[PDB]
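**Q** The structure under discussion is supplied below as structure tokens; questions concerning it will follow.
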Amino acid sequence: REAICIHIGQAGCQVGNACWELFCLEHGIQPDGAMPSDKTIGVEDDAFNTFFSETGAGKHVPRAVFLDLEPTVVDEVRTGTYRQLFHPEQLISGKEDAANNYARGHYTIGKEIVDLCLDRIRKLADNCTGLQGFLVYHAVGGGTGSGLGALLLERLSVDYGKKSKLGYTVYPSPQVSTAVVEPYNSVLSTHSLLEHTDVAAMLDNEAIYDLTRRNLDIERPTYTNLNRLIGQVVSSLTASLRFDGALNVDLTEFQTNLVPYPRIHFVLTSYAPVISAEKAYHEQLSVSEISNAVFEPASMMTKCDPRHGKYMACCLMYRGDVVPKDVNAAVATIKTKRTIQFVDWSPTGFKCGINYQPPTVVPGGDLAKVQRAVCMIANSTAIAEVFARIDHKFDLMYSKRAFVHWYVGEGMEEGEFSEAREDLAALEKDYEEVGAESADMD
Amino acid sequence: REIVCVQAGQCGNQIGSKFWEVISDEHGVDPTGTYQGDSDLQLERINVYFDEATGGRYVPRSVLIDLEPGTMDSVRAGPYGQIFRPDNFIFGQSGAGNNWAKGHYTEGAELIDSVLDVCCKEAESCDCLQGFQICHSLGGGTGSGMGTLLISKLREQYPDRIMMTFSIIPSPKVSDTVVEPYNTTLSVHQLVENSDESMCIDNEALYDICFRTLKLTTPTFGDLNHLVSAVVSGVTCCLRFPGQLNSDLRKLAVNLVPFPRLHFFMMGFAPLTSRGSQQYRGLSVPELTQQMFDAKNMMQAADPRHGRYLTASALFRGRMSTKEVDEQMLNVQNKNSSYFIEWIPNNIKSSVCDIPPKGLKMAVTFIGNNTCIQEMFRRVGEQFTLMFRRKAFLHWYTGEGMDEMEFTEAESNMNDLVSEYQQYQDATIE
Amino acid sequence: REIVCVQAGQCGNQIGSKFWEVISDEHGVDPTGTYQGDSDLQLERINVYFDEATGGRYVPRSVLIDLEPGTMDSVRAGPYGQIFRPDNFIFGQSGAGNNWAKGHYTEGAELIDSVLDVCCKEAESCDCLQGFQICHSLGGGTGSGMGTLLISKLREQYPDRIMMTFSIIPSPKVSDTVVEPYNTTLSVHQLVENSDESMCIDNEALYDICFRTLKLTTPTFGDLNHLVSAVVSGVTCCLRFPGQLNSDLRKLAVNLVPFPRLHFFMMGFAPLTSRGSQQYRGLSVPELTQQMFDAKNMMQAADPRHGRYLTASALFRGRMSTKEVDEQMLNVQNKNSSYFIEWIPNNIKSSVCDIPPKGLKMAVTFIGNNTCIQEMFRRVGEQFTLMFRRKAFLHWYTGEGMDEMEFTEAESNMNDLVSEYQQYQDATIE
Amino acid sequence: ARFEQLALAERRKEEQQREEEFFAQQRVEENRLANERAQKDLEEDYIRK
Amino acid sequence: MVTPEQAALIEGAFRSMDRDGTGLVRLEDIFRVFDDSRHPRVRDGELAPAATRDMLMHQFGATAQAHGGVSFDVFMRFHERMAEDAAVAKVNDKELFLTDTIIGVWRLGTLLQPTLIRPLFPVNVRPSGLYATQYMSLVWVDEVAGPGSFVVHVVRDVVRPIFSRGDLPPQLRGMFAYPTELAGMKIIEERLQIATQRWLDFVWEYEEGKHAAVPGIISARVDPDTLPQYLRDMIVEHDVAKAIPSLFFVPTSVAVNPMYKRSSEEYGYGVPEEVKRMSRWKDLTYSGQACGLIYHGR
Ligand SMILES: Nc1nc2c(ncn2[C@@H]2O[C@H](COP(=O)(O)OP(=O)(O)OP(=O)(O)O)[C@@H](O)[C@H]2O)c(=O)[nH]1
Ligand SMILES: Nc1nc2c(ncn2[C@@H]2O[C@H](COP(=O)(O)OP(=O)(O)O)[C@@H](O)[C@H]2O)c(=O)[nH]1
Ligand SMILES: Nc1nc2c(ncn2[C@@H]2O[C@H](COP(=O)(O)OP(=O)(O)O)[C@@H](O)[C@H]2O)c(=O)[nH]1
Ligand SMILES: [Mg+2]
């Protein structure tokens, strides 16, 4: 039933604001933690339990921690509108940043802050009776997100063991960039993330900018739009735990159905009825139209074209007024298409889910109100193209040791760069080998 | 995260007075020291530059040092002079004589213990110390010699903190003093070991900014010191206000310097608009980016078109889209690709801050690490060698006690700095 | 689809001032720059010529260039002069001396970089750039030399856009200057290489228009510049308003020029009629076509009856039937069949636009490609050869640095242009 | 419900229009300040003469 | 030439400027009334304000020292020269330029009754965008030099613009002025006193026993000893003002300042209305009688 969210660094805290705004408005908890209800009977509504626990006075409080090394963003959360919702202990802040250095987060500064984080996670886990995973939001381009995210995932993986850890990760875009040292941090992050995560969802800001320009009519988008879209995706994936439906899907079913081999746990995400209010009155939104939408490359939230690879598994989440016969007819029609190909060892390529609760509309939001939506996460060999361009940029910088003196001075051996680069090279070879048709090797 | 300022010599104290006027205005501090601001956002980070006196008062974290009290009496007589703590004014009893050796060896060792005592007293009061900020000229006498002495002592005492310097260097044409090459060469020698990051400004470039861009009929040193105070207060803006993509002096240093000797940077500030053409152009991100890279708006005599950019940084203030920033920096790098060093895939860092300077809708400050800086040092070295061969004024310095071997060492070190810049300047795809 | 205007020299600045008055009136822009119009159709294409400055205002996308500021100060003093952006005025400190070589080699190369910088800054601001529009005289000094220099540079930098020119050329009858043939010959040599389409006007033709058609007793240059501004604003009118059969500068060029050297055109504008006569004749399509083809109304000294039409174009403004246009163009082609080149089956393109110029129900502008334009160049070449054999004033040009070989090249190129037109005239075949 | 969504969008449009008017006023104010500075300089020169 | 309305304006200026019934005006009145701050060249910033006095002397003194003053005809032909010089001006329009330059230079029109300050916008109109945030100044007339000498005492930035000056009585409208309206008249500055950021109330009377007030417009840093007796009588602390029987409060509105607002404030926008509607929807679904979109909890 319940899940605990850990937000690290700047992207993770700002995405957390959008997520908790959506979860509050969807369940109906007031910004001060209240929950008005005028009927004295019919209070048996446990759905909040997945994200909130109630105190003996009836206040609701959310199952989240906010972790950052600079104070400004969490102090902005402390003085904002949701001041009374969070317990002040949950908003954790250090004194100084990791200065875009993975080495400062991992070796020098995160070792001091990590034990407080583990004590907080323990304090959450003691107020639980059926934890079935952690949701983690972070970007691998920055210093504290990379270093402390790796250190915290390692400690969580030793202490809690088999419990699932699901990551939503913002990778450095292939040509949009914000800092020079992004390749080193992204390679070193990916090395740790390979061993210590159960499912990793990949996002690229360049794709969400393209989607917001083409489908929505926004000329000058800003991070609040992207974060609201991400919150909607997470709400769609966790809706299967919280509301009634025809075919429910527990979070363990995603990992069992989408991951064929233990290293192949990186998934693509897309969302279908991204449409504006003015467009919404011009179109019907049947099951087959939105099912066709999640497979168009114009719908992807990562800059990769799945037509350059083969699908291994697809998980289709339908929410709203949908009938199973229409889902079956849509999936059979998609299967007929010639630009969609599955590896010959995966005959039953699809998993379906159907939930009755339609997606919520947020007062300041930019999405239209729609009666049904579908969200897709899929595992495909095309992602190998995403790693190769990062590897080329890392090789370009590392050939002249362009910035290594900061990392070696702050405490890391130069050997660690070569180890991580060879391990990610082996991951690229794994994705090359797994995609070879068995009919060719006889 | 608090910065301590040091102001040295006449130029440093004069620039400092305007800087503390600008900062006190931006945070709404009256010259009596009383808070008069109009939003809580002003108060909540006042600690960064001010210390708290008992019930209301604010004191500016600055040490004023000079060898003749004329300047300190002028700043104390100024409109904001009262704000400064009296014990923070350090002065001697005889002048530097425009001589580096006097400032370094004779009056320097006499005063230096009292400045370190004051800076440590000021430093140890902070709960966590961020870098120091120092303003001085390299062409003067007490500024160059005692400033670099103090910098060396602070680097011994605080090697884990940040050291940041703003430095004025003599134009080859506006000669106010005959012995400028000696003071400049010895100061650059001190700076390349001691400093973490040093910014260089030509007074000739500020005159060309004023005359061509602002078309001022009768500029004064108040205008030049206002331009400098504008850039100085802009670099720290992300330290002390919220924003969508925070940045920090240490993050700038980590992203700008590929190798530890290459730490000298150019400065510019974009939204300078002429006195009679303001109704004709609205502020926008294309306008700021186009003005920001125009060499008319750069504060050194060397022009970027004769060199190549290793790295650059832009700090934006105001409510603006990240999409416009990222796509502008990509388009500028792609369209002018020959002027960007090719073994780095993206040379520009961006940062965005919510709170603009008062009375402007938007502003950007630009920091650039460009090899054309070698032209300033080469010019200073030519002028130094021409005089030294014949011993033009050397007896003053030798009479103070310097060995002649110091001049050849300092010349060799500056020549090696020029060579290091020159190799990266002229590389090509081969 | 944005147009950039350039106005060069005295003639260019005066014609530009009257043109921007007529265009600002047609779109209802106040001389303060505020939009005060009364239909959305006016607002919806303002972008074509204006950029939007903050809080309402519009600024006209034009660069003004001249070598002595007397004219520039006169245009700034005019009734609409304030609308122009101050930074768009480029001027030197000493005159062209009415000498082509000075304007091309000495003051040209000195000033041109600031003009190219302004033109690039202005061009790159458009979201999609349509062709350039160029106004200049060939008889002057800075107009001919620096105008053709700038045209050559713009053709190097933007070879895929359109380059369009309106050009004033001297007369054998009412010259203001003795050395006109040199400046004209060298400018026509430069133009025939650089331009995509060029329209030529004789001041003698504007005097005959003013005196004969409008019956003005004492015409002034304001009337001549009004006639020119009327045709100039008419050629682009279909670009910027709706219509039943849209047209564009590129479509005109593609339909008028059979071969790339044959790009010099004659102009006329039809609803010209005196205030006394206007009560006697209503507007209709036969009346406009009859006035439009009357050689009395054409802006060159050469007469069409001495040549042949290769191609022609007519742009109609107003709410009108397509039937009257097609049958009139057929009837005129059939009845006068000896004056149309026989290997093209239909020589006239038509276009129709809904919105007429203010206070006229309908209007047409005519562009014609006729071989009788060769007579003007031959006449100028005659006067040049008469002057050149005796080295009449050559020491000025040779003293600037020109080789005499340029003069023989320019003469040969102009003579070949005249020969090519004469060959295509070839009355009859065999 | 999408009707009410459109209404809220219209309200936001009006708010940003008000902000634009504010910024235009600020630009005019800064021009006035520069003019005042020039006035003071000319006064001092005249007094000298 | 001059239009008849301009002639009427000139006649009004002459008559209002003329003391006694004699048709002569002293040169001191010419000097005192003339406004240099509205001189076109000075406003554009290309002429020094002291140069206007020399021009006035050059045009007027020759007849002023001879006939003891200036008649109407000399004044009218002075304005005829004014129009002749404005004919060749750089401005796009000529009639409006002459009209408003006459109005500006000769200080005619409508002025706030105390201290004679020219308003920027109509007093009955609520403050616009920028002026709703810029602080105003507290000003009162001096007494050692009589009213009409245009000398005032000024305290800077002590009044919020949250109210509208049209609601005040006509004899107190001029007590508060914007910084841009102080140009063109002598000012004497006063010193503040050390205090915290508190906001203080302004009260007055319109009838015996009846009082009216405006809440929280004066900063607590106004030093009461420097002000005259009456002015510090009208300023009183808030709860003491509240305790006064039969008091009316002028409506005040606070406007946001677009210079000091963050990006994260965009998140919690319009949420209480949506959450109220959601709570109503969920309780309606729980009670039954819902046939369309229904809540699907547990
Ligand atoms: N979607 C989204 N991406 C963001 C946001 N803020 C930053 N990013 C991206 O995340 C990367 C930068 O990571 P940061 O979160 O700033 O790094 P950090 O966690 O602050 O680490 P430090 O800089 O050491 O404090 C870049 O790729 C940015 O484009 C945001 O608000 N939304
Ligand atoms: N930009 C600027 N330059 C200054 C200022 N004061 C002095 N200078 C320059 O600095 C040099 C003189 O150095 P100075 O400060 O007097 O050295 P000091 O005697 O050791 O303090 C000359 O080039 C002056 O032009 C100032 O206020 N601003
Ligand atoms: N049609 C027309 N011709 C002009 C105008 N002004 C000057 N000219 C002619 O252009 C020639 C003079 O060239 P000018 O413009 O002075 O050359 P510049 O000195 O380089 O600008 C003479 O033949 C003038 O008669 C004008 O406004 N209209
Ligand atoms: Mg960070």
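Ligands are numbered from 1 in the order shown, residues from 1 within each chain, and chains are lettered A, B, ... in the order they appear in the structure tokens.
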Computed after least-squares fitting of chain C to chain B on all C-alpha atoms in order, what is the RMSD in Å?

**A**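 C-alpha RMSD, chain C fitted to chain B: 0.5 Å.
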
**Q** Write out as a ChimeraX atom specification every residue belonging to chain B that has an atom at most 9 Å from any atom of chain A, counting only C-alpha atoms.

**A** /B:1,128,241-248,250-252,254-260,311,320-324,326-327,330,343-351

**Q** Please give me, as a list in words, the residues lying within 7 Å of ligand 3 when counting only C-alpha atoms and all ligand atoms.

**A**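 After applying the 7 Å limit, what remains is residues 8, 9, 10, 11, 12, 14, 15, 66, 96, 98, 137, 139, 140, 141, 142, 143, 144, 168, 170, 175, 176, 203, 221, 222, 224 and 225 of chain C.
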
**Q** Given the choices B:310, B:29, B:238, B:285, which gets closest to ligand 4 if the distance is worked out from only C-alpha atoms and all ligand atoms?

**A**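 Among B:310, B:29, B:238, B:285, it is B:238 that comes nearest to ligand 4.
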
**Q** If we count only C-alpha atoms and set the cut-off at 8 Å, which residues sit around stretch 168-173 of chain E, ignoring sequence neighbours fewer than 5 positions away in its own chain? Please answer as number ranges by chain.

**A** E: 112-114, 206

**Q** Could you tell me which residues of chain D sit within 10 Å of chain C when counting only C-alpha atoms, and give me the result as a ChimeraX atom specification?

**A** /D:20-25,27

**Q** Those same residues - C-alpha atoms - I'd like them written as a PDB file, in the first residue's frame.

**A**
ATOM      1  CA  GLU D  20       4.424  44.853 -18.753  1.00  0.00           C
ATOM      2  CA  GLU D  21       2.941  48.309 -18.148  1.00  0.00           C
ATOM      3  CA  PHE D  22       4.900  48.538 -14.883  1.00  0.00           C
ATOM      4  CA  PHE D  23       8.194  47.798 -16.627  1.00  0.00           C
ATOM      5  CA  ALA D  24       7.586  50.406 -19.338  1.00  0.00           C
ATOM      6  CA  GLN D  25       7.015  53.042 -16.657  1.00  0.00           C
ATOM      7  CA  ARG D  27      12.240  52.551 -18.254  1.00  0.00           C
TER       8      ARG D  27
END

**Q** Starting from chain B, keep only residues with some atom at most 10 Å from an atom of chain C, counting only C-alpha atoms, and report them as a ChimeraX atom specification.

**A** /B:274,276-283,286-287,290

**Q** Interatomic distance between atom CA of residue B:234 and atom CA of residue E:265?

**A** 23.8 Å

**Q** Got a sec: who's within 8 Å of stretch 5-7 of chain D, counting only C-alpha atoms, leaving out chain neighbours fewer than 4 positions off, as a PyMOL selection string?

**A** (chain A and resi 277+363) or (chain D and resi 1+11)

**Q** Quick one: residues within 8 Å of stretch 356-370 of chain B, only C-alpha atoms counted, chain neighbours fewer than 6 positions away excluded, as a PyMOL selection string?

**A** (chain B and resi 26+231+234-235+256-257+262-271+283-284+288+292+304+307-318) or (chain D and resi 23+26-27+30) or (chain E and resi 259)

**Q** Each residue of chain E lying at most 10 Å from chain D should get a row with its shortest atom-to-atom pair and the distance in Å to one decimal, counting only C-alpha atoms; could you produce that, ordered by chain and increasing number, as a tab-separated table?

**A**
residue	atom	partner	partner_atom	distance
E:41	CA	D:39	CA	9.9
E:42	CA	D:39	CA	6.9
E:43	CA	D:35	CA	7.4
E:44	CA	D:35	CA	6.5
E:45	CA	D:35	CA	5.2
E:46	CA	D:39	CA	6.9
E:47	CA	D:42	CA	6.5
E:48	CA	D:43	CA	4.7
E:49	CA	D:43	CA	6.5
E:50	CA	D:43	CA	6.8
E:51	CA	D:46	CA	7.8
E:128	CA	D:22	CA	8.4
E:129	CA	D:22	CA	5.0
E:130	CA	D:22	CA	5.2
E:131	CA	D:22	CA	8.9
E:132	CA	D:22	CA	9.7
E:133	CA	D:22	CA	9.9
E:180	CA	D:29	CA	9.2
E:256	CA	D:19	CA	9.9
E:257	CA	D:19	CA	9.3
E:258	CA	D:19	CA	6.9
E:259	CA	D:23	CA	9.5
E:270	CA	D:8	CA	9.1

**Q** Can you list, as a ChimeraX atom specification, every protein, DNA or RNA residue that comes within 10 Å of residue A:280 when you count only C-alpha atoms, leaving out same-chain residues fewer than 2 positions away?

**A** /A:273-278,282-285,367-370 /D:2

**Q** Once you have the residues from the selection above, write them out as a compact mmCIF listing (two decimals), in the first residue's frame, restricted to C-alpha atoms.

**A**
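So selection_37.txt came out as:
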# COMPACT_ATOMS: atom_id res chain seq x y z
CA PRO A 273 -3.15 12.93 -24.41
CA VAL A 274 -0.81 15.88 -23.97
CA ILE A 275 -3.25 18.39 -25.53
CA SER A 276 -4.37 21.99 -24.93
CA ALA A 277 -7.86 23.07 -23.80
CA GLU A 278 -8.59 24.72 -27.18
CA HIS A 282 -11.87 19.49 -31.47
CA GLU A 283 -11.05 15.82 -30.91
CA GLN A 284 -12.53 12.58 -29.66
CA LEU A 285 -10.03 10.58 -27.58
CA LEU A 367 -2.78 20.04 -19.75
CA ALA A 368 -6.44 19.88 -20.77
CA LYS A 369 -9.08 17.88 -18.89
CA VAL A 370 -9.66 14.49 -20.53
CA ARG D 2 -12.55 23.05 -19.34

**Q** Set the distance at 10 Å and use only C-alpha atoms: which residues neighbour residue E:32 once local chain neighbours fewer than 6 positions away are removed? I'd like the list as number ranges by chain.

**A** E: 148-150

**Q** Near chain B, meaning an atom within 10 Å, which residues of chain E appear when counting only C-alpha atoms? Write them as a short mmCIF file (atom, residue, chain, number, x, y, z; two decimals) with C-alpha atoms, in the first residue's frame.

**A**
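This went into result-v8.cif:
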data_model
loop_
_atom_site.label_atom_id
_atom_site.label_comp_id
_atom_site.auth_asym_id
_atom_site.auth_seq_id
_atom_site.Cartn_x
_atom_site.Cartn_y
_atom_site.Cartn_z
CA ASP E 44 15.45 67.51 -22.42
CA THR E 133 4.95 50.74 -5.25
CA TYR E 135 7.11 55.48 -1.74
CA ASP E 157 9.96 58.02 1.59
CA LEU E 192 14.65 60.68 10.31
CA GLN E 193 14.87 58.93 13.68
CA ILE E 194 15.91 55.40 14.56
CA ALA E 195 13.00 52.97 14.80
CA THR E 196 11.75 49.63 13.51
CA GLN E 197 9.51 49.02 10.48
CA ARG E 221 10.23 56.73 11.55
CA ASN E 257 5.61 44.56 -6.26
CA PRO E 258 6.87 42.77 -9.40
CA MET E 259 10.52 43.43 -8.47
CA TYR E 260 10.68 41.04 -5.48
CA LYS E 261 8.74 37.90 -6.39
CA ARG E 262 10.15 34.42 -6.88
CA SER E 263 9.66 31.56 -9.32
CA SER E 264 8.54 28.97 -6.75
#

**Q** Let's see if you can do this: from backbone DSSP, list all strand (DSSP E or B) residues in stretch 49-281 of chain A, as a PyMOL selection string.

**A** chain A and resi 52-54+60-62+64-68+91-93+134-139+165-170+199-203+245-247+266-271

**Q** Just N, CA and C atoms for this one: save the residues we selected as a compact mmCIF listing (two decimals), in the first residue's frame.

**A**
# COMPACT_ATOMS: atom_id res chain seq x y z
N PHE A 52 0.32 9.34 2.75
CA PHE A 52 0.21 10.10 4.00
C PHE A 52 -0.07 9.19 5.19
N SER A 53 0.37 9.64 6.36
CA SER A 53 0.01 8.99 7.63
C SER A 53 -0.69 10.07 8.46
N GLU A 54 -1.68 9.66 9.24
CA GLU A 54 -2.38 10.66 10.08
C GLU A 54 -1.91 10.61 11.53
N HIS A 60 -2.81 15.31 8.50
CA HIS A 60 -2.10 14.43 7.56
C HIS A 60 -0.69 14.97 7.36
N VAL A 61 0.26 14.06 7.19
CA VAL A 61 1.67 14.45 6.94
C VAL A 61 2.23 13.51 5.87
N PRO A 62 3.06 13.98 4.93
CA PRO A 62 3.45 13.13 3.82
C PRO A 62 4.75 12.36 4.03
N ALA A 64 7.77 11.77 2.98
CA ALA A 64 8.87 12.24 2.13
C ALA A 64 9.97 12.90 2.94
N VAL A 65 11.18 12.84 2.38
CA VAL A 65 12.32 13.62 2.94
C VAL A 65 12.87 14.47 1.79
N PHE A 66 13.34 15.67 2.13
CA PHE A 66 13.98 16.54 1.11
C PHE A 66 15.45 16.72 1.47
N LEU A 67 16.34 16.30 0.55
CA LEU A 67 17.79 16.34 0.85
C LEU A 67 18.48 17.31 -0.10
N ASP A 68 19.22 18.25 0.46
CA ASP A 68 20.01 19.16 -0.38
C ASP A 68 21.24 19.58 0.42
N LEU A 91 12.82 18.42 6.22
CA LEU A 91 13.57 19.32 5.30
C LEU A 91 15.01 19.43 5.78
N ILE A 92 15.89 18.64 5.16
CA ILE A 92 17.30 18.52 5.62
C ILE A 92 18.21 19.34 4.72
N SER A 93 19.09 20.14 5.33
CA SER A 93 20.01 20.99 4.55
C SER A 93 21.42 21.00 5.13
N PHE A 134 10.91 2.42 -2.55
CA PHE A 134 11.28 3.85 -2.45
C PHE A 134 11.23 4.46 -3.85
N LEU A 135 10.69 5.68 -3.92
CA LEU A 135 10.75 6.41 -5.22
C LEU A 135 11.82 7.49 -5.07
N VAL A 136 12.73 7.55 -6.04
CA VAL A 136 13.87 8.50 -5.96
C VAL A 136 13.86 9.39 -7.19
N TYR A 137 13.99 10.70 -6.97
CA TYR A 137 14.03 11.67 -8.08
C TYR A 137 15.37 12.42 -8.03
N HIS A 138 16.11 12.36 -9.13
CA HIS A 138 17.38 13.11 -9.14
C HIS A 138 17.89 13.34 -10.55
N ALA A 139 18.85 14.27 -10.65
CA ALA A 139 19.58 14.49 -11.92
C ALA A 139 21.02 14.00 -11.73
N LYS A 165 13.81 -0.22 -5.19
CA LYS A 165 14.19 1.21 -5.27
C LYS A 165 13.95 1.65 -6.72
N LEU A 166 12.99 2.56 -6.91
CA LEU A 166 12.67 2.99 -8.29
C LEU A 166 13.15 4.42 -8.49
N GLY A 167 13.96 4.62 -9.53
CA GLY A 167 14.54 5.94 -9.76
C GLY A 167 13.96 6.65 -10.97
N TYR A 168 13.68 7.94 -10.82
CA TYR A 168 13.35 8.80 -11.98
C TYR A 168 14.56 9.70 -12.17
N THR A 169 15.20 9.58 -13.33
CA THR A 169 16.52 10.22 -13.50
C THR A 169 16.57 11.15 -14.70
N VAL A 170 17.10 12.35 -14.48
CA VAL A 170 17.28 13.32 -15.58
C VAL A 170 18.73 13.23 -16.06
N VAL A 199 14.58 -0.35 -10.96
CA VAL A 199 14.14 0.15 -12.29
C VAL A 199 14.58 1.61 -12.37
N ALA A 200 15.13 1.99 -13.52
CA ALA A 200 15.56 3.39 -13.74
C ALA A 200 14.82 3.93 -14.97
N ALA A 201 14.10 5.04 -14.78
CA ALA A 201 13.37 5.68 -15.89
C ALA A 201 14.21 6.84 -16.41
N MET A 202 14.36 6.92 -17.73
CA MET A 202 15.26 7.95 -18.30
C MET A 202 14.47 9.10 -18.90
N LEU A 203 14.91 10.32 -18.58
CA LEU A 203 14.25 11.53 -19.10
C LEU A 203 15.32 12.45 -19.69
N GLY A 245 -10.11 -0.69 -9.95
CA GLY A 245 -9.88 -0.89 -11.38
C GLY A 245 -10.19 -2.31 -11.80
N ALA A 246 -10.21 -2.54 -13.11
CA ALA A 246 -10.50 -3.88 -13.65
C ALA A 246 -9.27 -4.78 -13.55
N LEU A 247 -8.10 -4.27 -13.91
CA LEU A 247 -6.88 -5.09 -13.88
C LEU A 247 -5.84 -4.28 -13.12
N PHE A 266 16.77 -0.30 -17.53
CA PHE A 266 16.56 1.11 -17.93
C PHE A 266 15.36 1.21 -18.87
N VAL A 267 14.38 2.04 -18.51
CA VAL A 267 13.11 2.07 -19.28
C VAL A 267 12.80 3.47 -19.81
N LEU A 268 12.12 3.50 -20.97
CA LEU A 268 11.66 4.77 -21.59
C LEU A 268 10.23 5.08 -21.14
N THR A 269 9.89 6.36 -21.07
CA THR A 269 8.53 6.75 -20.60
C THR A 269 7.88 7.72 -21.59
N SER A 270 6.57 7.56 -21.80
CA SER A 270 5.82 8.49 -22.68
C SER A 270 4.38 8.63 -22.18
N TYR A 271 3.73 9.72 -22.58
CA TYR A 271 2.34 10.00 -22.13
C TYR A 271 1.52 10.48 -23.33

**Q** If DSSP is run on the backbone, what residues of stretch 168-325 of chain C are helix (DSSP H, G or I)? A reply as a PyMOL selection string would be ideal.

**A** chain C and resi 180-194+203-213+221-235+237-239+249-256+277-280+285-293+295-297+304-306+322-325

**Q** Got a sec to pull out which chain E residues are within 12 Å of chain A, counting only C-alpha atoms, and send them as a ChimeraX atom specification?

**A** /E:261-288,292-298
